[PDB]
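Peer 1: sequence first, structure after; it's an experimental one.
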Amino acid sequence: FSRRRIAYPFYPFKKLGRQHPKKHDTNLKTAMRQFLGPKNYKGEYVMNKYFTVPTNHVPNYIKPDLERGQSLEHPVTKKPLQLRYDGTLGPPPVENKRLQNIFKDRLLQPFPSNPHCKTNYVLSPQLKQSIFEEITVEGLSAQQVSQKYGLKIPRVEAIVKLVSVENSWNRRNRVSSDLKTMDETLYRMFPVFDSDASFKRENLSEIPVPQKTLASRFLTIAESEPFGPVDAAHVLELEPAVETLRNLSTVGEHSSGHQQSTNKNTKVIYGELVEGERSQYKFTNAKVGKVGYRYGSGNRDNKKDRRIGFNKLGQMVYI
Amino acid sequence: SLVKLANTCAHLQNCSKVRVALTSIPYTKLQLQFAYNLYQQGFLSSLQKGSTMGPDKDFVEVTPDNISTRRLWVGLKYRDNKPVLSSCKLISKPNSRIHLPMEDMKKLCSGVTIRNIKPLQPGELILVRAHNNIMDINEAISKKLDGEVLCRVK
Amino acid sequence: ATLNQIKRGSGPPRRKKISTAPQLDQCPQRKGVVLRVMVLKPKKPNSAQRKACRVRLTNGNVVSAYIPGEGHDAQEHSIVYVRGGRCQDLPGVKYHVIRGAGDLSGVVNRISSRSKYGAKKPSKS
Amino acid sequence: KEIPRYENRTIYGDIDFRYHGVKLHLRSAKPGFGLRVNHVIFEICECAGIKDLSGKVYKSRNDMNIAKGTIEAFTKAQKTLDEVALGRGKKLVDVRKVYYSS
Amino acid sequence: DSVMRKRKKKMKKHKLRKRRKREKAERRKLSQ
RNA sequence: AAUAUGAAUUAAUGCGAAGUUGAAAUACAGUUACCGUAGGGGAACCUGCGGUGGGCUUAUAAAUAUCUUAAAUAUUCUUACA
RNA sequence: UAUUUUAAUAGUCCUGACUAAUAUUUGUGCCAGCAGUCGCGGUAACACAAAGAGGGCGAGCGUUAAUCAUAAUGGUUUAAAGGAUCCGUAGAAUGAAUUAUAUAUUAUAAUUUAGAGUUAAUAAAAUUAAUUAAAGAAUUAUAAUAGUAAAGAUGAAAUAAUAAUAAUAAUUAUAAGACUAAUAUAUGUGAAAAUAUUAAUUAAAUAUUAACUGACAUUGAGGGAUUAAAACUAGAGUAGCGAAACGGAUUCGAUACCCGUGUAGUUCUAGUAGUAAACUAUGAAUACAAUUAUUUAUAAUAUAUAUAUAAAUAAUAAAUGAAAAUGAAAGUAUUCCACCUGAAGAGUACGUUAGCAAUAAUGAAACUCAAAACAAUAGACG
RNA sequence: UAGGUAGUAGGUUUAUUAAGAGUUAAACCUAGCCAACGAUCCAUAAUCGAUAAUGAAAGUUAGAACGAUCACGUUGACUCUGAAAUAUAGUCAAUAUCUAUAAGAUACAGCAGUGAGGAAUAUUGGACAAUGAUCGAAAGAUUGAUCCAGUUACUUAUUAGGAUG
Ligand SMILES: [Mg+2]
Ligand SMILES: [Mg+2]
Ligand SMILES: [Mg+2]
Ligand SMILES: [Mg+2]
Ligand SMILES: [Mg+2]
Ligand SMILES: [Mg+2]
Ligand SMILES: [Mg+2]
Ligand SMILES: [Mg+2]
Ligand SMILES: [Mg+2]
Ligand SMILES: [Mg+2]
Ligand SMILES: [Mg+2]
Ligand SMILES: [Mg+2]
Ligand SMILES: [Mg+2]
Ligand SMILES: [Mg+2]
Ligand SMILES: [Mg+2]
Ligand SMILES: [Mg+2]
Ligand SMILES: [Mg+2]
Ligand SMILES: [Mg+2]
Ligand SMILES: [Mg+2]
Ligand SMILES: [Mg+2]
Ligand SMILES: [Mg+2]
Ligand SMILES: [Mg+2]
Ligand SMILES: [Mg+2]
Ligand SMILES: [Mg+2]
Ligand SMILES: [Mg+2]
Ligand SMILES: [Mg+2]
Ligand SMILES: [Mg+2]
Ligand SMILES: [Mg+2]
Ligand SMILES: [Mg+2]
Ligand SMILES: [Mg+2]
Ligand SMILES: [Mg+2]
Ligand SMILES: [Mg+2]
Ligand SMILES: [Mg+2]
Ligand SMILES: [Mg+2]
Ligand SMILES: [Mg+2]
Ligand SMILES: [Mg+2]
Ligand SMILES: [Mg+2]
Ligand SMILES: [Mg+2]
Ligand SMILES: [Mg+2]
Ligand SMILES: [Mg+2]
Ligand SMILES: [Mg+2]
Ligand SMILES: [Mg+2]
Ligand SMILES: [Mg+2]
Ligand SMILES: [Mg+2]
Ligand SMILES: [Mg+2]
Ligand SMILES: [Mg+2]
Ligand SMILES: [Mg+2]
Ligand SMILES: [Mg+2]
Ligand SMILES: [Mg+2]
Ligand SMILES: [Mg+2]
Ligand SMILES: [Mg+2]
Ligand SMILES: [Mg+2]
Ligand SMILES: [Mg+2]
Ligand SMILES: [Mg+2]
Ligand SMILES: [Mg+2]
Ligand SMILES: [Mg+2]
Ligand SMILES: [Mg+2]
Ligand SMILES: [Mg+2]
Ligand SMILES: [Mg+2]
Ligand SMILES: [Mg+2]
């Protein structure tokens, strides 16, 4: 049974009834007015608890289920307010116990209907500075920094690169007071990342799932026969999982055991340059049958899957 | 002989359904190898030589004078009111023999379909006849040998 | 069926796809001349006075067509463009005339589903 | 009833069970495959806790017969690994589980 | 089949028999 | 020689309501229906010879009955006589 | 103490279900009309034509014409569909055991006997086909003896036969055609069609044992033979039954059902044709699977009918099935052949082949439709 | 479409070609060869991909576009050059048009364009600037190949205003 249903709030609200013919209002509009509260001369809905932004490092996300739609609170006393018969506002007759105690997971969950989404932790400026120094000044490996602080190798590389950008923007004295206000405001909006705490730390034993390990296999062997992860690797013809974890640990730019000297054995000739020439030629050896444009290739220009790419300057080029 | 093998497969099916404990199948090298592979993999309680009337307790020498009256005697198992040997059926029929290369055997065990042969299910084994020897498909892959897929027994 | 019979031809029957517009000769539409305009009675249980036109296509085969809409200017020696489609109630007619093509004008004062019947969009801007 | 599920996600192996005039062909699925089955079976699975499956219904497609057949197939057509191992006297190992183990 | 289609076929056979009986003269003339 | 296009007047067949003439089938359909075949009749149909049940399996009485301790004993007995 | 100006007008289809679209209202009233399928409209139109509101796609939207996909991880007792039956050729169809070689699921050689056959001995049967030779009771016709006025049929009468010899009925004599009573279950035999009055000649058929052979086997396109009743061509016969025909009946009519006369046919010899509800509506073969009851055959343990093995029948377990039901299969499997792909058109038209002929075999397409069909359930009806 | 074939199947020699071959010409023999797993005959069609569409896939469809192959340049036959032509050559035969009336010339399946046919498919455009091709010692000359632009929503892609209200 499917029917068009106007998205009336699930929580109860006062519904307009006998009204002057020259009002032309709707139950949805009055629901919003009840939820927002009065709009002052400045255009600010001070009553609504979500108008402001938290400064206590605890996110203030919507909890419609727990507060039964009562989104109005005193700006200073931070106590619930609800509409009465007289049309004024004041303390509720009873206290809502669900709002009293909220699990930390719910605190970090922004959307009520999706319990699989959580907001990451903002790293403190001190931690970023320490990571920068240890990578650069102390000349350590990003693997070590990841292991101590629990962050990922891409994250620590991003930390160092962003800190370098911040330093460059700083020695030019370009960052204005507005950006500092922005950072201060947003810094207190999300929880800080405590390397000491285990449950904030991010797991570093994460491996992409190969397509073959997602396919179920079963072997019937002597019960006594011991079967281990290495035998599984042999039968699945994949590198052992621990070995794959070790391999990805060395792919970081600052991680130990990294080398990208594979493509240093191709004959490349740079043509001579004379005065007045606006260009120079590079000649790279390429074996016949492996170089050139195919004859009779596919023409996807007029099809939905046409290839579209970008050049160095960023212009959209039909690759 | 694929006809005899198909007959034995149907016979084992029927006996398991009516839930008998002892059964007789012809005397042949193919049947003996097939039964003993089943016995190793755990589908038969006991395999025994014997005549048409019953298994032979003592050693007996098989001669042309008594070759006709020889039948292997197999013992089926049951557990938790469910026969262990539920279904057993041929793959390579007598009219359409199937000879798969080793790579196709590996593909079959992996999960893909080759020659409209359903892949290897859990608790299943495909017997393969290579060089006059019957063995599990995994053993053939490990041994690198090649041959015809014979039957599935679940 | 034995596999010997399958190799001899036996197998699943290919789903027959009979054309519902044979006289169009695999063409979206064809011109024609209205040899006659007739009103026919629908088969039971429907009852009406349906307007149909007998049209001779350019191939050289005469087909029956149904003029849709409310009010048509079809008449003898009228050039019309016949398309596919069948008027289900009338038994025998298996084609439609495209309103707005040829000398067959569109439906007058048609304001909904115009393109299906032929009508310029009134601007009123 | 109680339905045995492989890793609380999918059935064990493939099922080709027949209910009266309904030919149920069901085959297991990869993690994250989704219920790519007929709507009747999809509802039965979603209520029973099965998340990944794939199959096709042949011959009769009566909804009620399909629902009865699929429930029965889950109940008795399939067999758990432990039961096979015990009645077989052999050891069945999940390569996927033992590849990602410690 | 049932007696429905059996009745239908019987009538068709009877009509064919009568039609071929009436056209005996024409058949003879056309076949010399 | 093959093929295609017409051809006076004429044989089937489909389609829409639609009246006329009977009542051939479905019940024992008022003569059991149908298969093969021959003859007859405005039309269904009727008749003749064999075959089938896709109708009778729908099947449901001629009938006769006996002796051992009738209890001071079996009938009671709730873990002990044995 | 600045460093040009500056905006933004989407169409198209649909909102009963399949199919997303509830905010209601007006016009017509089986008309106008819509429609891919079901279908809507005859005063409740959510379906026609519109307003409000809404749902898709979007510089495109719709419609037409087309391609792919959407079920054979199928069927043939009762729904489409096993050939009438068997014999057998090809089969690039299938098919025993052990060992040794190779180029390996195949071949070659040797050996073996479980499939398949040949011959003897022992025991039981008088069935099937052909050809001869006989028996039985009747029915009709004719004649005689007596013997009367009615006899025959029907729900009841008349058509045809009686006191003109004089019937009908009874008892005798003669001729003819046809058929086969219990037995009797077509039991049974036979490849099917068929097959029961008796005897004879020829041919075939069962079980056990001995020996022999050595996979020589199964199925079988094409092909070949036989094939009920009716039908046709010659020649004999025609008692009784009996298409057609002619009369008598009932009915409003009666080209019928009932009655009379009754030609072809029905009968034998030689032929043609090869068709049936030719049905177990169920092709043949092989291996296997749980019980019961009754008959038949074999085996000496016997003491004088208990014990084991085969086949048929009947009722079932499991299994299968849409169910009714099948239950040495319509179950579990393998091999071979025939056939089916919606109804109507249509086993029709045309062509070809064969027949003396009636006809038999082969065998389309066009137009129309969303129908058509089986099992079972509950009523109503007889 | 149930029988077909008569240089037909084969053998021996000679003749042309660089060459075998009843491929062609000549002589003598044998009596064969294809065929119900479909001959001979008839009708239809340009063929294919590492191309396009679709499907989970085996497959099914198209052969527009990119590429590969074949055949043709109004129709049929023959001839010289060559290694190769039955050549868009020529001869001859056939058809239609034109002027020069002649063993005359042309045949838009080269580009642009016109009439018809059709539901339907474009400019009688610019340059040899780039890549090629031809001639020339070279300077250079030509190139409707080719590179560009115009018509067309035929197809694909991007954009076609955000915050606040
Ligand atoms: Mg809806
Ligand atoms: Mg349904
Ligand atoms: Mg049938
Ligand atoms: Mg005819
Ligand atoms: Mg004539
Ligand atoms: Mg005419
Ligand atoms: Mg009647
Ligand atoms: Mg009747
Ligand atoms: Mg009559
Ligand atoms: Mg019969
Ligand atoms: Mg009846
Ligand atoms: Mg009955
Ligand atoms: Mg019965
Ligand atoms: Mg409309
Ligand atoms: Mg109204
Ligand atoms: Mg609609
Ligand atoms: Mg409307
Ligand atoms: Mg509107
Ligand atoms: Mg809109
Ligand atoms: Mg398919
Ligand atoms: Mg069968
Ligand atoms: Mg039969
Ligand atoms: Mg039949
Ligand atoms: Mg024998
Ligand atoms: Mg008398
Ligand atoms: Mg008798
Ligand atoms: Mg019998
Ligand atoms: Mg038989
Ligand atoms: Mg041998
Ligand atoms: Mg045979
Ligand atoms: Mg035959
Ligand atoms: Mg008879
Ligand atoms: Mg005669
Ligand atoms: Mg009579
Ligand atoms: Mg009579
Ligand atoms: Mg004959
Ligand atoms: Mg027949
Ligand atoms: Mg049962
Ligand atoms: Mg079955
Ligand atoms: Mg069936
Ligand atoms: Mg016929
Ligand atoms: Mg309808
Ligand atoms: Mg019924
Ligand atoms: Mg009643
Ligand atoms: Mg030669
Ligand atoms: Mg020659
Ligand atoms: Mg010659
Ligand atoms: Mg042919
Ligand atoms: Mg062509
Ligand atoms: Mg192709
Ligand atoms: Mg093609
Ligand atoms: Mg091309
Ligand atoms: Mg040429
Ligand atoms: Mg031309
Ligand atoms: Mg030429
Ligand atoms: Mg020329
Ligand atoms: Mg041109
Ligand atoms: Mg166009
Ligand atoms: Mg150039
Ligand atoms: Mg676009």
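Peer 2: Everything's here; your move. Residues are numbered from 1 along each chain as shown, chains lettered A, B, ... in the order given. Ligands and ions are numbered 1, 2, ... in the order given.

Peer 1: tell me which element residue A:260 is part of?
Peer 2: Of the helices and strands defined by DSSP states H and E, none includes residue A:260.

Peer 1: ok, now how distant is it from residue B:122?
Peer 2: 44 Å (CB to CB, to the nearest Å). Every C-beta, even on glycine, is put in place using the N, C-alpha and C of the backbone.

Peer 1: higher neighbour count, these two?
Peer 2: residue B:122 (22 against 8; other CB atoms under 10 Å in any protein chain shown).

Peer 1: wait, doesn't the more buried one sit right on residue D:85?
Peer 2: No: proximity of residue B:122 to residue D:85 does not meet the contact threshold set by CB atoms under 8 Å, at 10.3 Å.

Peer 1: anything in contact with each of those two?
Peer 2: residue D:92 (CB atoms under 8 Å, 6 or more residues apart in numbering or on different chains).

Peer 1: which residue ranges of chain B form helices?
Peer 2: Counting by DSSP state H, chain B has these helices, from start to end: B:2-18, B:29-41, B:102-110, B:137-143.

Peer 1: show me what contacts residue A:131?
Peer 2: Per CB under 8 Å, 6+ apart, neighbours of residue A:131: A:145, A:149, A:151, A:156, A:159-160, A:163.

Peer 1: if we can go back for a sec, format the helices of chain B as JSON lines; extra columns: mean neighbour count.
Peer 2: Putting these into JSON lines (neighbours: other CB atoms under 10 Å in any protein chain shown) gives the following:
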{"stretch": "helix B:2-18", "mean neighbour count": "16"}
{"stretch": "helix B:29-41", "mean neighbour count": "17"}
{"stretch": "helix B:102-110", "mean neighbour count": "17"}
{"stretch": "helix B:137-143", "mean neighbour count": "17"}
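
Peer 1: any chance of those helices in TSV, plus distance to RNA strand G?
Peer 2: Shown next, in TSV, are the helices of chain B (distance: least, CB to the nearest atom of the strand, whole Å):
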stretch	distance to RNA strand G
helix B:2-18	4
helix B:29-41	3
helix B:102-110	13
helix B:137-143	11
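
Peer 1: now those helices in a markdown table, with distance to residue A:192?
Peer 2: Formatted as a markdown table, the helices of chain B follow (distance: least, CB to CB, whole Å):
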| stretch | distance to residue A:192 |
| --- | --- |
| helix B:2-18 | 67 |
| helix B:29-41 | 60 |
| helix B:102-110 | 49 |
| helix B:137-143 | 55 |
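
Peer 1: just want the residue of the stretch 51-200 of chain A that's nearest RNA strand H.
Peer 2: Nearest residue of the stretch 51-200 of chain A to RNA strand H, counting by CB to the nearest atom of the strand: residue A:51, 10.7 Å away.

Peer 1: what's the neighbour count on that residue?
Peer 2: Neighbourhood size, residue A:51 [other CB under 10 Å]: 14.

Peer 1: follow-up on the earlier one: the helices of chain B: which one's closest to residue A:306?
Peer 2: helix B:102-110 (34.9 Å; CB to CB).

Peer 1: show me how far that closest one is from its chain's centre.
Peer 2: Once both centres are worked out by CA atoms, centre = their mean, to the nearest Å, helix B:102-110 turns out to sit 20 Å from its chain's centre.

Peer 1: cool, stretch A:213-231 as well?
Peer 2: Its chain's average C-alpha position is 38 Å from that of stretch A:213-231, according to CA atoms, centre = their mean.

Peer 1: does chain B sit close to it?
Peer 2: Yes: contact of stretch A:213-231 with chain B (CB under 8 Å from any CB of the partner chain) involves A:215-220.

Peer 1: that stretch close to RNA strand H?
Peer 2: No: using CB under 7 Å from any atom of the strand, stretch A:213-231 stays clear of RNA strand H, with a minimum separation of 14.6 Å.

Peer 1: which residues does that stretch contact?
Peer 2: A:235-236, A:238, A:240-242, B:41, B:109-111, B:122-123, B:125, B:138, D:6, D:28, D:30-32, D:81, D:85, D:88-96, D:98-102.

Peer 1: can you check stretch B:94-109 too?
Peer 2: A:217, B:2-3, B:6, B:91-92, B:114-115, B:117, B:119-120, B:126, B:128, B:137-138, B:140-141, B:144-149, C:3-4.
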